[PDB]
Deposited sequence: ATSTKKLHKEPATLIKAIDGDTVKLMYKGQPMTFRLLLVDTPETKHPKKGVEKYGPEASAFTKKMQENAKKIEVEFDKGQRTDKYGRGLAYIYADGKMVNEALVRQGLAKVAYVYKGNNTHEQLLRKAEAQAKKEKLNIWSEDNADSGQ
């Protein structure tokens, strides 16, 4: 898997963000995470603000596709997003603002990493695990 540059256009929700990738606007859905929905579930606005702040304040945004299918049925890209080297998917789970989702079409390179982060957020009874 390799990282590619992208530019933030607009954060839409805790699990979805619009990015300029290879010159064209595109909607990305964060791989392996399930965040409370804003469109409004409990912690939804917290998750949304977290994702937004983390990406708006970064110097560099990179996208990393996994080895499985790259887009869902709605046309959104399926990827791990990094903000200044830190993976947003992982930060959300670690902070207890998302649960790890079921592996989708072979996209599970970081499932264990995220699983570990979630167990810890759980032990700490953070946010969602409150």
| query | Which parts of the deposited chain sequence are absent from the coordinates, listed in sequence order? | reply | 1 to 6, 46 to 50, 142 to 149
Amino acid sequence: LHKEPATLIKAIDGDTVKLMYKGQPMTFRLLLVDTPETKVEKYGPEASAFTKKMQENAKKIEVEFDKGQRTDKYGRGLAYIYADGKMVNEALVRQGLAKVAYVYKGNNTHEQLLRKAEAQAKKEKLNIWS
From here on, numbers count along this sequence of modelled residues.
| Residue range whose averaged C-alpha B-factor is higher in the record, 97 to 105 or 63 to 71 | 97 to 105
| If you average the Cα B factors in the entry, which is higher, 81 to 89 or 22 to 30? | 22 to 30
| said: Test of reading the entry: by CA B factor among the chain's modelled residues, which third contains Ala119? | reply: middle
